[PDB]
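**Student:** Provided herewith: my_file.csv, CSV, N, CA, C and O atoms.
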```csv
chain,number,residue,atom,x,y,z
A,372,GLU,N,81.8,105.9,130.6
A,372,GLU,CA,83.1,105.4,131.1
A,372,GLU,C,83.9,106.5,131.8
A,372,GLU,O,84.1,106.5,133.0
A,373,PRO,N,84.5,107.5,131.0
A,373,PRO,CA,85.2,108.5,131.7
A,373,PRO,C,84.3,109.7,132.1
A,373,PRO,O,83.6,110.3,131.3
A,374,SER,N,84.3,110.0,133.4
A,374,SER,CA,83.5,111.1,133.9
A,374,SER,C,84.3,112.4,133.9
A,374,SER,O,83.7,113.4,134.2
A,375,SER,N,85.5,112.3,133.6
A,375,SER,CA,86.4,113.4,133.7
A,375,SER,C,87.5,113.3,132.7
A,375,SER,O,88.4,112.5,132.9
A,376,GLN,N,87.4,114.0,131.6
A,376,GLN,CA,88.5,114.0,130.6
A,376,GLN,C,89.1,115.4,130.4
A,376,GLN,O,90.2,115.6,130.7
A,377,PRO,N,88.3,116.5,129.9
A,377,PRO,CA,88.8,117.8,129.8
A,377,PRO,C,89.2,118.4,131.1
A,377,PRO,O,88.4,119.1,131.7
A,378,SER,N,90.3,118.0,131.7
A,378,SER,CA,90.7,118.5,132.9
A,378,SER,C,92.1,119.1,132.8
A,378,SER,O,92.4,120.1,133.5
A,379,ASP,N,93.0,118.6,131.9
A,379,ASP,CA,94.3,119.2,131.7
A,379,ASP,C,94.1,120.5,131.0
A,379,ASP,O,94.2,121.6,131.5
A,380,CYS,N,93.8,120.3,129.7
A,380,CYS,CA,93.6,121.4,128.7
A,380,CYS,C,93.3,120.8,127.4
A,380,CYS,O,92.2,120.7,126.9
A,381,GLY,N,94.4,120.2,126.8
A,381,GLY,CA,94.3,119.6,125.6
A,381,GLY,C,95.0,118.3,125.5
A,381,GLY,O,95.1,117.7,124.4
A,382,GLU,N,95.5,117.8,126.6
A,382,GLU,CA,96.2,116.6,126.7
A,382,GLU,C,95.1,115.5,126.8
A,382,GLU,O,95.2,114.4,126.2
A,383,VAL,N,94.1,115.9,127.5
A,383,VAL,CA,93.0,115.0,127.7
A,383,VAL,C,91.7,115.6,127.1
A,383,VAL,O,90.9,116.2,127.8
A,384,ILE,N,91.6,115.5,125.7
A,384,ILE,CA,90.4,116.0,125.0
A,384,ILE,C,90.1,115.1,123.8
A,384,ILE,O,90.5,115.4,122.7
A,385,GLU,N,89.6,113.9,124.1
A,385,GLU,CA,89.3,112.9,123.0
A,385,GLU,C,90.6,112.4,122.3
A,385,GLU,O,90.6,111.7,121.3
A,386,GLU,N,91.7,112.9,122.8
A,386,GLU,CA,93.0,112.6,122.2
A,386,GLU,C,93.4,111.2,122.4
A,386,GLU,O,93.4,110.6,123.5
A,387,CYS,N,93.6,110.5,121.2
A,387,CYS,CA,93.9,109.1,121.2
A,387,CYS,C,95.3,108.7,121.8
A,387,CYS,O,95.3,107.6,122.2
A,388,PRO,N,96.3,109.6,121.9
A,388,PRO,CA,97.6,109.2,122.4
A,388,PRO,C,97.6,108.7,123.8
A,388,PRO,O,97.2,107.5,124.0
A,389,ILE,N,98.0,109.4,124.9
A,389,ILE,CA,98.1,109.0,126.3
A,389,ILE,C,99.0,107.7,126.3
A,389,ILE,O,99.6,107.2,125.3
A,390,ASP,N,99.1,107.1,127.5
A,390,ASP,CA,99.8,105.9,127.7
A,390,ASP,C,99.2,104.7,126.9
A,390,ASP,O,99.8,103.7,126.6
A,391,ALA,N,97.9,105.0,126.5
A,391,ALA,CA,97.1,104.0,125.7
A,391,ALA,C,97.7,103.8,124.3
A,391,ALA,O,97.6,102.8,123.7
A,392,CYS,N,98.4,104.9,123.9
A,392,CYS,CA,99.2,104.8,122.7
A,392,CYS,C,100.4,103.9,123.0
A,392,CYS,O,100.5,102.8,122.4
A,393,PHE,N,101.1,104.3,124.0
A,393,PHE,CA,102.3,103.6,124.5
A,393,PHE,C,103.1,104.6,125.2
A,393,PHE,O,103.8,105.3,124.6
A,394,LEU,N,102.9,104.8,126.6
A,394,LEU,CA,103.6,105.8,127.4
A,394,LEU,C,103.0,107.2,127.0
A,394,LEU,O,102.3,107.3,126.0
A,395,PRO,N,103.3,108.2,127.9
A,395,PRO,CA,102.9,109.6,127.6
A,395,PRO,C,103.7,110.2,126.4
A,395,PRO,O,104.1,111.3,126.5
A,396,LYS,N,103.6,109.5,125.3
A,396,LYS,CA,104.2,109.8,124.0
A,396,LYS,C,105.4,110.7,123.9
A,396,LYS,O,106.5,110.2,123.5
A,397,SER,N,105.3,111.9,124.3
A,397,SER,CA,106.3,112.9,124.3
A,397,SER,C,107.2,112.6,125.6
A,397,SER,O,107.9,113.5,126.0
A,398,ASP,N,107.1,111.4,126.1
A,398,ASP,CA,108.0,110.9,127.2
A,398,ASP,C,109.5,111.2,126.9
A,398,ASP,O,110.1,112.1,127.3
A,399,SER,N,110.0,110.3,126.1
A,399,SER,CA,111.3,110.4,125.6
A,399,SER,C,111.4,109.6,124.3
A,399,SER,O,112.3,108.7,124.2
A,400,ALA,N,110.4,109.7,123.5
A,400,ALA,CA,110.3,109.1,122.2
A,400,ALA,C,109.8,107.6,122.3
A,400,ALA,O,110.6,106.7,122.4
A,401,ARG,N,108.5,107.5,122.5
A,401,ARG,CA,107.9,106.1,122.6
A,401,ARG,C,107.8,105.4,121.2
A,401,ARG,O,108.1,106.1,120.2
A,402,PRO,N,107.6,104.1,121.1
A,402,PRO,CA,107.5,103.3,119.9
A,402,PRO,C,106.8,104.1,118.7
A,402,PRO,O,105.9,104.9,118.9
A,403,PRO,N,107.2,103.9,117.5
A,403,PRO,CA,106.8,104.7,116.3
A,403,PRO,C,105.3,104.7,116.0
A,403,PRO,O,104.5,103.9,116.6
A,404,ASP,N,104.9,105.5,115.0
A,404,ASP,CA,103.5,105.7,114.6
A,404,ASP,C,103.0,104.7,113.5
A,404,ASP,O,102.2,105.1,112.6
A,405,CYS,N,103.5,103.5,113.6
A,405,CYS,CA,102.9,102.4,112.7
A,405,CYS,C,103.1,102.6,111.2
A,405,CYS,O,104.0,102.0,110.7
A,406,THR,N,102.3,103.3,110.5
A,406,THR,CA,102.5,103.7,109.1
A,406,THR,C,104.0,104.2,108.9
A,406,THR,O,104.7,103.9,108.0
A,407,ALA,N,104.3,104.9,109.9
A,407,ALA,CA,105.6,105.4,110.2
A,407,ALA,C,106.8,104.3,110.0
A,407,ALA,O,107.9,104.6,109.7
A,408,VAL,N,106.4,103.0,110.2
A,408,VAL,CA,107.4,101.9,110.0
A,408,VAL,C,106.9,101.1,108.8
A,408,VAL,O,107.7,100.3,108.2
A,409,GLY,N,105.7,101.2,108.4
A,409,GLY,CA,105.2,100.5,107.3
A,409,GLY,C,103.9,99.8,107.6
A,409,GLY,O,103.5,98.8,106.9
A,410,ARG,N,103.2,100.2,108.6
A,410,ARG,CA,101.8,99.7,109.0
A,410,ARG,C,100.8,100.7,108.6
A,410,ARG,O,100.2,101.4,109.5
A,411,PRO,N,100.3,100.7,107.3
A,411,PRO,CA,99.3,101.7,106.9
A,411,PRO,C,98.0,101.2,107.4
A,411,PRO,O,97.0,102.0,107.5
A,412,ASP,N,97.9,99.9,107.8
A,412,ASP,CA,96.6,99.3,108.2
A,412,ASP,C,96.3,99.9,109.6
A,412,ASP,O,95.1,100.0,110.0
A,413,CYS,N,97.3,100.2,110.3
A,413,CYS,CA,97.2,100.7,111.7
A,413,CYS,C,96.9,102.2,111.6
A,413,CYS,O,96.6,102.7,112.7
A,414,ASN,N,97.1,102.8,110.5
A,414,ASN,CA,96.6,104.2,110.3
A,414,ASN,C,95.2,104.4,110.8
A,414,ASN,O,94.7,105.5,111.2
A,415,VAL,N,94.4,103.3,110.9
A,415,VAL,CA,93.1,103.4,111.5
A,415,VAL,C,93.3,103.6,113.0
A,415,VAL,O,93.8,102.8,113.7
A,416,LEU,N,92.7,104.8,113.4
A,416,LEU,CA,92.6,105.2,114.8
A,416,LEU,C,92.2,104.0,115.8
A,416,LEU,O,93.0,103.7,116.7
A,417,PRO,N,90.9,103.4,115.7
A,417,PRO,CA,90.6,102.3,116.5
A,417,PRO,C,91.6,101.2,116.2
A,417,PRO,O,91.7,100.7,115.1
A,418,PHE,N,92.3,100.7,117.2
A,418,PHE,CA,93.4,99.8,117.0
A,418,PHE,C,92.9,98.4,116.7
A,418,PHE,O,92.2,97.8,117.5
A,419,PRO,N,93.3,97.9,115.5
A,419,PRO,CA,93.0,96.5,115.2
A,419,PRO,C,93.8,95.5,116.0
A,419,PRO,O,93.3,94.7,116.6
A,420,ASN,N,95.2,95.7,116.0
A,420,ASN,CA,96.1,94.9,116.8
A,420,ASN,C,95.9,93.4,116.5
A,420,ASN,O,96.3,92.6,117.3
A,421,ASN,N,95.3,93.1,115.4
A,421,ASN,CA,95.0,91.8,115.0
A,421,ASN,C,95.2,91.6,113.5
A,421,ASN,O,94.8,90.5,113.0
A,422,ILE,N,95.9,92.4,112.8
A,422,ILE,CA,96.1,92.3,111.4
A,422,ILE,C,97.5,92.9,110.9
A,422,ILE,O,98.3,92.2,110.3
A,423,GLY,N,97.9,94.1,111.3
A,423,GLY,CA,99.1,94.7,110.9
A,423,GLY,C,100.1,95.0,112.0
A,423,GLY,O,101.2,94.5,112.0
A,424,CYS,N,99.7,96.0,112.8
A,424,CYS,CA,100.5,96.5,114.0
A,424,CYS,C,101.5,95.5,114.7
A,424,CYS,O,101.1,94.4,115.2
A,425,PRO,N,102.8,95.8,114.7
A,425,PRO,CA,103.8,95.1,115.4
A,425,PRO,C,104.2,95.7,116.8
A,425,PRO,O,105.2,95.5,117.3
A,426,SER,N,103.2,96.6,117.2
A,426,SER,CA,103.2,97.3,118.5
A,426,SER,C,103.6,98.8,118.4
A,426,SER,O,104.4,99.3,119.2
A,427,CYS,N,103.1,99.5,117.4
A,427,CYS,CA,103.3,100.9,117.3
A,427,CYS,C,101.9,101.6,117.6
A,427,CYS,O,101.0,101.0,118.1
A,428,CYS,N,101.8,102.9,117.2
A,428,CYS,CA,100.6,103.7,117.4
A,428,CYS,C,99.9,104.0,116.1
A,428,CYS,O,100.6,104.1,115.1
A,429,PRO,N,98.5,104.2,116.0
A,429,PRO,CA,97.8,104.5,114.8
A,429,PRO,C,98.1,105.9,114.2
A,429,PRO,O,99.2,106.4,114.1
A,430,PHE,N,97.0,106.6,113.8
A,430,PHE,CA,97.1,107.9,113.1
A,430,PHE,C,95.8,108.6,113.0
A,430,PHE,O,94.8,108.2,113.7
A,431,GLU,N,95.7,109.7,112.2
A,431,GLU,CA,94.5,110.6,112.1
A,431,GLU,C,94.2,111.3,113.4
A,431,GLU,O,94.8,112.3,113.7
A,432,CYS,N,93.4,110.7,114.2
A,432,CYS,CA,93.1,111.1,115.6
A,432,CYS,C,92.3,112.5,115.7
A,432,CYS,O,91.2,112.5,116.1
A,433,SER,N,93.0,113.5,115.2
A,433,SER,CA,92.5,114.9,115.4
A,433,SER,C,92.9,115.7,114.2
A,433,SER,O,93.8,115.2,113.4
A,434,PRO,N,92.3,116.9,114.0
A,434,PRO,CA,92.7,117.8,112.9
A,434,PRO,C,94.2,118.1,112.9
A,434,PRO,O,94.8,118.6,113.9
A,435,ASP,N,94.8,117.7,111.8
A,435,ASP,CA,96.3,117.8,111.6
A,435,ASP,C,97.1,117.0,112.6
A,435,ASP,O,97.4,117.5,113.7
A,436,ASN,N,97.4,115.8,112.2
A,436,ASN,CA,98.0,114.8,113.0
A,436,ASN,C,99.5,115.0,113.3
A,436,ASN,O,100.0,114.4,114.3
A,437,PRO,N,100.4,115.9,112.6
A,437,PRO,CA,101.8,116.1,113.0
A,437,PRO,C,102.0,116.5,114.4
A,437,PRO,O,101.4,117.4,115.0
A,438,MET,N,103.0,115.8,115.1
A,438,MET,CA,103.4,116.0,116.4
A,438,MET,C,104.8,115.6,116.5
A,438,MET,O,105.2,114.5,116.0
A,439,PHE,N,105.6,116.3,117.2
A,439,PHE,CA,107.1,116.1,117.2
A,439,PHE,C,107.7,116.6,118.5
A,439,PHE,O,107.0,117.2,119.3
A,440,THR,N,109.0,116.3,118.7
A,440,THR,CA,109.8,116.7,119.9
A,440,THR,C,109.2,116.1,121.2
A,440,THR,O,108.2,116.6,121.7
A,441,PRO,N,109.9,115.1,121.7
A,441,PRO,CA,109.5,114.5,123.0
A,441,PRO,C,110.2,115.3,124.2
A,441,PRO,O,110.5,116.4,124.0
A,442,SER,N,110.4,114.5,125.3
A,442,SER,CA,111.0,115.1,126.5
A,442,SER,C,109.8,115.7,127.4
A,442,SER,O,108.9,116.3,126.8
A,443,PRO,N,109.8,115.4,128.7
A,443,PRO,CA,108.8,116.0,129.6
A,443,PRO,C,108.8,117.5,129.6
A,443,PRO,O,107.8,118.1,130.0
A,444,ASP,N,109.9,118.1,129.2
A,444,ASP,CA,110.0,119.5,129.1
A,444,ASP,C,110.5,119.9,127.7
A,444,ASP,O,111.0,121.0,127.4
A,445,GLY,N,110.1,119.0,126.7
A,445,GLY,CA,110.5,119.2,125.3
A,445,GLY,C,110.1,120.5,124.7
A,445,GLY,O,110.8,121.0,123.8
A,446,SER,N,109.0,121.0,125.1
A,446,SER,CA,108.5,122.3,124.6
A,446,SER,C,107.8,123.0,125.7
A,446,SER,O,107.5,122.4,126.7
A,447,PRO,N,107.5,124.3,125.4
A,447,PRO,CA,106.5,125.1,126.3
A,447,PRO,C,105.2,124.3,126.2
A,447,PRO,O,104.6,124.2,125.2
A,448,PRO,N,104.8,123.7,127.3
A,448,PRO,CA,103.6,122.8,127.4
A,448,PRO,C,102.3,123.6,127.1
A,448,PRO,O,101.4,123.0,126.7
A,449,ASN,N,102.3,124.9,127.4
A,449,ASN,CA,101.1,125.8,127.3
A,449,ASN,C,99.9,125.3,128.2
A,449,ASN,O,100.1,124.3,128.9
A,450,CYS,N,98.9,126.1,128.1
A,450,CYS,CA,97.6,125.8,128.9
A,450,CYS,C,97.9,125.9,130.4
A,450,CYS,O,97.5,125.1,131.2
A,451,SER,N,98.6,127.0,130.8
A,451,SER,CA,99.1,127.4,132.1
A,451,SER,C,100.6,127.2,132.4
A,451,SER,O,101.3,128.1,132.6
A,452,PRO,N,101.1,125.9,132.2
A,452,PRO,CA,102.6,125.8,132.4
A,452,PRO,C,103.3,126.3,131.1
A,452,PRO,O,103.6,125.5,130.2
A,453,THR,N,103.5,127.6,131.1
A,453,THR,CA,104.1,128.4,130.1
A,453,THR,C,103.7,129.9,130.4
A,453,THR,O,104.4,130.8,130.0
A,454,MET,N,102.5,130.0,131.0
A,454,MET,CA,102.0,131.3,131.4
A,454,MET,C,103.0,132.0,132.3
A,454,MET,O,103.3,133.2,132.1
A,455,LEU,N,103.5,131.3,133.2
A,455,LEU,CA,104.5,131.8,134.1
A,455,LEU,C,105.9,131.7,133.5
A,455,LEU,O,106.1,130.9,132.6
A,456,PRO,N,106.8,132.6,133.8
A,456,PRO,CA,108.1,132.7,133.2
A,456,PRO,C,109.0,131.5,133.7
A,456,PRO,O,109.1,131.2,134.9
A,457,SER,N,109.5,130.8,132.7
A,457,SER,CA,110.5,129.7,132.9
A,457,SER,C,111.2,129.5,131.6
A,457,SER,O,111.1,128.5,130.9
A,458,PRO,N,112.0,130.5,131.2
A,458,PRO,CA,112.6,130.6,129.9
A,458,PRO,C,113.7,129.5,129.7
A,458,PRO,O,113.6,128.6,128.9
A,459,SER,N,114.7,129.6,130.5
A,459,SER,CA,115.8,128.7,130.5
A,459,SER,C,116.2,128.4,131.9
A,459,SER,O,117.2,129.1,132.4
```
Could you spell out this file's structure in structure tokens?

**Tutor:**
Amino acid sequence: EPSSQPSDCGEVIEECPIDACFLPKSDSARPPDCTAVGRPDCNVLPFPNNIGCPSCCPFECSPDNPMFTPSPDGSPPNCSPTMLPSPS
């Protein structure tokens, strides 16, 4: 299906988020992470969307699931856009 995924750096590397989650996640705070509201059933990465989920995102995904701070410029993006100086 995808002939090109590792092209950004780590935004596109088997990463479950993407707009497939619901928008580019770190957009400006997309819908919550399911368990995060009380959907532990949605903690399952492959989305059931047929049992628990009221339209949030799942969990697990990759080694160490914590992710925080949205905004398109919320943090030093790294993987080249941070290499160049743009402090403030």

**Student:** Grab the CA of residue 452 (chain A) to CA of residue 385 (chain A) distance for me, in Å with one decimal place.

**Tutor:**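 Value for the CA of residue 452 (chain A)-CA of residue 385 (chain A) distance: 20.8 Å.
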
**Student:** Using Å and a single decimal, report how far atom C of residue 426 (chain A) sits from atom O of residue 444 (chain A).

**Tutor:**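 Separation of atom O of residue 444 (chain A) and atom C of residue 426 (chain A): 25.1 Å.
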
**Student:** Select, from A:405, A:450, A:383, A:400, the residue with the minimum atom-to-atom distance to residue 424 (chain A), counting only N, CA, C and O atoms.

**Tutor:**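 Counting only N, CA, C and O atoms, the residue closest to residue 424 (chain A) is A:405.
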
**Student:** List every residue of chain A that DSSP, applied to the backbone of this structure, assigns to alpha helix (DSSP H), and report them as a ChimeraX atom specification.

**Tutor:** /A:389-393

**Student:** Quick one: everything within 12 Å of residue 459 (chain A), counting only C-alpha atoms, minus sequence neighbours fewer than 6 positions away in the same chain. Send it as a list in words.

**Tutor:**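 Neighbouring residues, sequence-local ones excluded: residues 444, 446, 447 and 453 of chain A.
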
**Student:** Please identify all polymer residues within 8 Å of residue 441 (chain A), counting all atoms listed in the file, omitting same-chain residues fewer than 3 positions from it, and present them as a PyMOL selection string.

**Tutor:** chain A and resi 395-401+438+444-446

**Student:** Choose the residue, out of A:440, A:406, A:451, A:421, that has the smallest atom-to-atom separation from residue 381 (chain A); count only C-alpha atoms.

**Tutor:** A:451

**Student:** Between A:378, A:373, A:428, A:409, single out the one closest to residue 393 (chain A), counting only N, CA, C and O atoms.

**Tutor:** A:428

**Student:** Quick one: of A:456, A:419, A:437, A:377, who's nearest to residue 407 (chain A), counting only C-alpha atoms?

**Tutor:**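 Selected residue with least distance to residue 407 (chain A): A:437.
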
**Student:** Distance CA of residue 414 (chain A)-atom N of residue 382 (chain A), one decimal place?

**Tutor:**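 Atom-to-atom, CA of residue 414 (chain A) to atom N of residue 382 (chain A), that is 21.3 Å.
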
**Student:** I'd like to know which of A:386, A:391, A:455, A:403 is closest to residue 431 (chain A), using only C-alpha atoms.

**Tutor:**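 Smallest separation from residue 431 (chain A) among the options: A:386.
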